[PDB]
2 protein chains.
Amino acid sequence: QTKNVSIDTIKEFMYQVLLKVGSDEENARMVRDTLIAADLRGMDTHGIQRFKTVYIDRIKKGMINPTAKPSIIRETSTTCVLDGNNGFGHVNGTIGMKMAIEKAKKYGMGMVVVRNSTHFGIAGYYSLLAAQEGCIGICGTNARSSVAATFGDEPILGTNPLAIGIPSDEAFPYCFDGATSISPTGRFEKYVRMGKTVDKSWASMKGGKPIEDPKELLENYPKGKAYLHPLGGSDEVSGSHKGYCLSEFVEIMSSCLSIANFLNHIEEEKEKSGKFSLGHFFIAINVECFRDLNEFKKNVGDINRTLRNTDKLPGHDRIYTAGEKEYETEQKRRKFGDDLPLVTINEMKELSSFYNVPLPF
Amino acid sequence: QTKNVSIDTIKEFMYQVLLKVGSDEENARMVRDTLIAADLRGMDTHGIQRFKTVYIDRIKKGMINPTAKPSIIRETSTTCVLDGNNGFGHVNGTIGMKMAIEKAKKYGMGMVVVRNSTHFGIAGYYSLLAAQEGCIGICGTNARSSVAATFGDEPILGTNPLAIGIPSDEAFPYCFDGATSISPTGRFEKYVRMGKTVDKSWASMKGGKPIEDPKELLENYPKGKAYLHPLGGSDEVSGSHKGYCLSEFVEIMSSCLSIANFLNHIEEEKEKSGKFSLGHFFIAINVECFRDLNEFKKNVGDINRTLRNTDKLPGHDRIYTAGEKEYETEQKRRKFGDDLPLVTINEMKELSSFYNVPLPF
Ligand SMILES: NC(=O)c1ccc[n+]([C@@H]2O[C@H](COP(=O)([O-])OP(=O)(O)OC[C@H]3O[C@@H](n4cnc5c(N)ncnc54)[C@H](O)[C@@H]3O)[C@@H](O)[C@H]2O)c1
Ligand SMILES: NC(=O)c1ccc[n+]([C@@H]2O[C@H](COP(=O)([O-])OP(=O)(O)OC[C@H]3O[C@@H](n4cnc5c(N)ncnc54)[C@H](O)[C@@H]3O)[C@@H](O)[C@H]2O)c1
């Protein structure tokens, strides 16, 4: 069962509750923008449906500093290292990428890395910021161990998403946004909620036995007794080594340049300090340094249009490109609202009650 | 059957034959270095075993200009566009990346893109150049249509490799280097030669029927009647959409910034002009702008060491990291030589005969 709430309601509510729990006002705006962006785009695991447990409960457990802003550790013409000061990933991310964009506009390219940060929601959000300014945007984050290396029998790597935003001449930019593992953990939380079984390729119990029940992974992976597979699965034959290497790429970019916790150290240091401390990276490339922007947008569109025009495999109506599915969901939800599960509705009611933030139900 | 030839013999021979067919001397050096690099690293599809048909025969058919050098079209502080002037990809690539490195050293980051170029051998080579200079190196190329989009029944995308080179405190750098499709076409040429069947996930006949016989793909994909799958296979469930999006990423980076042929236009324009005209991109990120180099090398090593130390799945002795397999092959071949198929030996003899380039057999 599900209840329809408008985007505006969800937007405003998130921002009021973040103020009530003592966020800096601009911080509340940055965080709710990237949270609602997840709901607008159909990443239902990364906005309101996770507002209470992943953000509010964590501010309550002192795991996030809601008034914190990043600090410049080392800055050059085209680069920067930021200490996240245990703030919102969305705060560090928004500032970091805006900063990378600013540097790209002045010099051609920009890269900003972050240490000592927290969960930053959808990777795609920061890449979208870059595409709106006529830059190619590449970004990612590490996360707590959930994914096994190739030939591994133990969670060691985060789901380590990579997002790539590229200006387009269409109504939406190209935007790849996804984990370097086949599945993220949030899809498992989702599949438990609606009581579906998961695909066999996504995860395995210790010893390599495939998982069909989403609960098995979620409970055992923090125990080091279950794990997710990289893109490419578990055999080199299907391409396992590639997703695994790409996962590591993300990890190194996220931790090695900023000196952030990596791999098993994320969870281990949370057991000591109470806080998940993570890294992020943000790259911006100024298109107009290479070619006219509209001429470039046209070329990207031409690639997309060509791709969608190729022969479709029987059984399938259409071919998509990166970010197409998200645009159509965004158009749908913008006008008709978002169908939220009952648990989320009840979480919202509870927050409304606690912080005296009015709700229309 | 196979005949052992030393790396030095292969190295020198390649360079003499390239001089004999009228290459600029420095060009012969750049090309043979990146060709032998393929043989040193165990990419047996991209060095001497392909010397005759992919390079020499093509210079003979006017498809490569062997004295050509790239031309600067548009240059900024951190960026550049090059016209490859129909030269060797290895020439354009080496110059392009060296140029991106040079800019990274001065400003923090560098990006050079190339249009109107040719086959550039192993992507990993250019990334290795960056890692040797203490930069993160990211690079790629587009190629003729061989790969189907997700839900597609037709080859449209190249195998579009992506290589990432990262400085390490180990004896070899981290180096991911591979196609964005599960398999490249060269692995198919290889499997025909030694008469093995290919995995079921790699390719399909028109209509989606898996291919077991490597010959079926090789003959039908240029006809538009067979195709390779992206990393992730053909179903979204296994992650198809990801490899597919990554493939497109490579394509856009390779063609849209430099104005190179893209997708179906590569083959189509070769049918008109006689020449495969391609794009490439090369990114270099100066580590020391962020963190001490050795401290960074140490962190990368720590990631690798942690990864290799995790529990190994029963049936498997060890876990590898990007570029490990290549280093061990390189160490082996450096001292004991390279076991070349009889066809390659015979190709070499023929070139020796034609161009009066001495061989020890
Ligand atoms: N913050 C974190 O630590 C973290 C960790 C993991 C994932 N995430 C987020 O979770 C979200 C979902 O990630 P996911 O791994 O489940 O991705 P996914 O499998 O849902 O794939 C999403 C991407 O693939 C594209 N796509 C989907 N189908 C396609 C098709 N048929 N053709 C072409 N493109 C197609 C979409 O446009 C989008 O770019 C992402 O927004 C990601 O940033 C965050
Ligand atoms: N020039 C072109 O147009 C073109 C096109 C396609 C491919 N290529 C080249 O072909 C070569 C082979 O490509 P491929 O797609 O067959 O790659 P592949 O499947 O052989 O994988 C190679 C990469 O994966 C790593 N690897 C392998 N096993 C691993 C493991 N168990 N754990 C961790 N890492 C592991 C290697 O270190 C290497 O980085 C590459 O050098 C590529 O550049 C070139």
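Sequence lines set the chain letters: A, B, ... in the order given, protein chains first and strands last, and positions in each chain run from 1. Just so you know, these numbers use all the heavy atoms, side chains as well, and skip hydrogens, waters and symmetry mates. Order of listing sets the numbers, starting from 1, for every ligand and every atom in it.
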Tightest non-hydrogen contact, residues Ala260(B) and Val114(B), listed as CB-O, 4.4 Å

Quick one: which ligand 1 atoms are inside 4.0 Å of a heavy atom on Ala123(A)? 43 (O)

Would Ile122(B) count as being in polar contact with ligand 2, using the rule that some N or O on each side must be under 3.5 angstrom apart? no

Of the listed options (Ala149(A), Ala322(B), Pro184(B)), which comes nearest to atom 7 (C) of ligand 2 when hydrogens are ignored and any heavy atom counts? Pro184(B)

Could you find the nearest protein heavy atom to atom 9 (C) of ligand 1 and give me its residue, atom name and distance? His46(A) CE1, 3.5 Å

For atom 43 (O) of ligand 1, which candidate among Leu307(A), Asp177(A), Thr321(A), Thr141(A) provides the closest heavy atom? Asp177(A)

Out of all atoms in ligand 1, which are within 4.0 Å of some heavy atom of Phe151(B)? Include the element for each. 31 (N)

Who gets closest to atom 13 (O) of ligand 1 by heavy atom: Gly93(A), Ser254(A), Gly178(A), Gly124(A)? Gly178(A)

Output field: ring centroids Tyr221(B)/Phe188(B) closer than 6.0 Å: no

Does any N or O of ligand 2 fall below 3.5 Å from an N or O anywhere on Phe120(B), backbone included? no

With a cutoff of 4.0 Å, is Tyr125(A) in contact with ligand 1, counting heavy atoms of the residue only? no

Report yes or no: does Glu154(A) contribute a side-chain atom to a donor-acceptor pair with the main-chain N or O of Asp311(B) at less than 3.5 Å? yes

Just to be sure I'm reading this right: ignoring hydrogens, which of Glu236(B), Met43(A), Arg187(A), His241(B) gets closest to atom 26 (N) of ligand 1? Compare them by their nearest heavy atoms. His241(B)

With a cutoff of 4.0 Å, is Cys245(A) in contact with ligand 2, counting heavy atoms of the residue only? yes

Give the atom numbers and elements of ligand 1 that come within less than 4.0 Å of a heavy atom of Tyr320(A). 30 (C), 31 (N), 32 (N), 33 (C)

Distance only, no hydrogens: is a donor on one side chain within 3.5 Å (strictly under) of an acceptor on the other, for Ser201(B) and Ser238(A)? no

What part of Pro161(B), side chain from CB on, backbone N/CA/C/O, both or neither, has a heavy atom under 4.0 Å from ligand 2? side chain

Atom 1 (N) of ligand 1 - nearest protein heavy atom and its distance: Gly121(A) O, 2.9 Å

Note: ligand 1 atoms sitting under 4.0 Å from heavy atoms of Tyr244(B) are 32 (N), 33 (C)

Judged by heavy atoms only, the candidate from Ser146(B), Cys175(B), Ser183(B), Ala179(B) nearest atom 15 (O) of ligand 2 is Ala179(B)

Do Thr329(B) side-chain atoms and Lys325(B) backbone N/O form a donor-acceptor pair below 3.5 Å? yes

Please check if the side chain of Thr118(B) supplies one atom and the backbone of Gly87(B) the other of a donor-acceptor pair under 3.5 Å. yes

Exercise: identify the closest heavy-atom pair between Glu267(B) and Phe276(B): OE1-CE2, 3.3 Å

Check ligand 1 against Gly323(A) and write out every atom of the ligand that is under 4.0 Å from a heavy-atom position of the residue. 37 (O)

Has the side chain of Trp202(B) got a donor or acceptor atom that lies under 3.5 Å from a matching backbone atom of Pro184(B)? no

If you measure every N or O of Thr150(A) against every N or O of ligand 2, does any of those distances drop under 3.5 Å? no

Looking at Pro173(A), is its backbone amide N or carbonyl O close enough to the side chain of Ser168(A) to form a donor-acceptor pair, meaning the two atoms are under 3.5 Å apart? no

For ligand 2, is there an N or O atom under 3.5 Å from any N or O atom of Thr159(B)? no

I need the nearest protein heavy-atom contact for atom 2 (C) of ligand 1: residue, atom name and distance, please. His119(A) NE2, 3.6 Å

Please check if the distance between the ring centroids of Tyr55(A) and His90(A) is under 6.0 Å. yes

Charged N to carboxylate O below 4.0 Å: is that the case for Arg187(A) and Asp199(A)? no

Any N or O of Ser181(B) closer than 3.5 Å to N or O of ligand 2: no

For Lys242(A) and ligand 2, answer yes if some heavy atom of the residue is under 4.0 Å from a ligand atom, otherwise no. yes

For atom 37 (O) of ligand 2, which of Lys325(B), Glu326(B), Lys190(B) has the closest heavy atom? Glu326(B)

Side chain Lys242(B), main chain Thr180(A), donor-acceptor under 3.5 Å: no

Smallest separation among heavy atoms of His119(A) and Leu278(A), with atom names: N-CD1, 3.8 Å

Please test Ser146(A) against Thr159(A) for side-chain hydrogen bond (donor to acceptor under 3.5 Å, both in side chains), starting from the C-alpha separation and ending with a verdict. CA-CA 7 Å; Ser146(A) 72; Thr159(A) 43; 4.8 Å; no

